[PDB]
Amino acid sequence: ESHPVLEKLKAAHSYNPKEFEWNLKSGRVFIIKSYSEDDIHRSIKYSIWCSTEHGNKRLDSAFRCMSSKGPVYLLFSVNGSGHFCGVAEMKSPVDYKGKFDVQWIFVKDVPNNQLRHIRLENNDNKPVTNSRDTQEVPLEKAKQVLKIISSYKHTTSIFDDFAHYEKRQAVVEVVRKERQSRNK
């Protein structure tokens, strides 16, 4: 049983492409720390993201500075998960509490133990796996991360729980409408 939303997305997008250029000629790369799986699922299916107010202004500034002279890539992980879950390219400036277009490219779980050896000089030389939201990754270390994420032979991804997230969204909307209706 495969869900038609996911079937539609997989046919319209080339997720986890075999020929991905990790040795970037230019670009900027940022960590995104999400609060929940549900937000990741929502972002993949609608091609949008919202950071915090401060996070939005940092990504807005970076995208407009890049002026399409190179990509802005976002490396996604939810707080506490122990893996990265995909990478998207930022595709629009922030629109105002503030959302922007993203294009998901990799959707796959990469355990933190494959990336912990990469450390970020611009964040007290901490592992890239102990970053906060919108932490920027230096270009050479971004190449190392993207090469590992691109080539890692993943065993699972959020897509394996896709129908679960669909039902969760649908139930949440009905619970809210009933609750709003009882307040009137």
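All residue numbers are counted from 1 along the displayed sequence.
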- Note on the structure: Missing residues of the deposited chain between residue 96 and residue 97 number 10 or more
- Task: Look up the CA B-factors in the entry and say which stretch, 28 to 36 or 65 to 73, has the higher mean.
- Result: 65 to 73
- Item | Stretch with the greater mean C-alpha B-factor as recorded in the entry, comparing 41 to 49 against 122 to 130 | 122 to 130
- Relative C-alpha B-factor of residue 103, binned into the chain's lowest, middle or highest third: lowest
- Message: Quick check for you: using the entry's CA B-factors within this chain, is residue 21 in the lowest, middle or highest third?
- Response: highest
- Note on the structure: Assert third(CA B-factor, residue 172) within chain per record equals lowest
- Task: Name the third of the chain's ranked CA B-factors that contains residue 158, choosing lowest, middle or highest.
- Result: lowest
